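Shown next as structure tokens: one chain only, the form deposited in one PDB entry.
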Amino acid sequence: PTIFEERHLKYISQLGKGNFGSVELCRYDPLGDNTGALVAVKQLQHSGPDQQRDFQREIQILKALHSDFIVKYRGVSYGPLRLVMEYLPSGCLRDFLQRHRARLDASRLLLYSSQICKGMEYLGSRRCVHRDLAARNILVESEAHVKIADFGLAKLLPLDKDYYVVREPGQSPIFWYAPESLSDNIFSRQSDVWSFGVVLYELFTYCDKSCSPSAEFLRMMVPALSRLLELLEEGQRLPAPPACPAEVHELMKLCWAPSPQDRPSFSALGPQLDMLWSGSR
């Protein structure tokens, strides 16, 4: 339905945690016989003002999003409150990449890259900045299909502005953040592009822990945030993943253009990745 009765949503396990919200695997079981469909249900675990309004927004946003490459909204449910979503058993991409490594050539990484870019293109066209783009936040619909998830921090851009300024600090691993976010808490469709660069790096390192974004800044060597800012200002960048084809490194480096306005758009990126995907073969 679009509306789920809480009494029929039946609990199975934890799938994830996030700022003040959990997502759970539930069976939606109106018969009560274990034959009902599986669903991923997000609730907030804190009942204050701003986190509750933010959650409502996230629902408004995801409801109004229709794309093969965006996680699918199924409905809400009420108490007097919960967000119900399609469930993707293969789960997290970060993990999926680590497991199936030996089964995935460059085409497929490019295939995923294209699909994520396409979803981000669309997100951008709805004026939606995602703000927390990263392999851990991408779900796997199948071996040849991925989808962007976790709208917990997404913002709508007012009609008259192309950027958002966040008051408090971020709480995500620092290594996916654009410089303007690090220094000024400025997020935009173009800071999303910065992070998409890092997602590509993740695809092509197959999310390996030993050469992760974090592991690399560490190697590349005062507050962490400040040092990462100095580096990125000096023009230090993540290196070509091992075996990475060069053309892809260049796209990354381009996504990492110092100023937001030199970064290419998702709609520029999409064809290039497409050409690359039909290039390997």
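So that the term is clear: the rigid core is the largest set of C-alpha atoms that superpose within 1.5 Å between two forms. Numbering starts at 1 and runs along the sequence shown.
Same protein, other form: the form deposited in another entry, not shown, and the subject of what follows.
Chemist: Of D68, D29, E233, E250, which one's CA moves 2 Å or more between this form and the one not shown, core aligned?
Modeler: Meeting the 2 Å or more criterion is only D29.
Chemist: Look at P260 and decide if its Cα position differs by 2 Å or more between this form and the one not shown after superposing on the rigid core.
Modeler: Stays below the 2 Å threshold, so no.
Chemist: 2 Å or more on the CA of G270 between this form and the one not shown, with the rigid core superposed, yes or no?
Modeler: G270 C-alpha, core-superposed: shift of less than 2 Å.
Chemist: Which is it in the other form for the CA atoms of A134 and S47, closer or farther than here, knowing they shift by 3 Å or more?
Modeler: Compared with this form, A134 and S47 lie closer in the other form.
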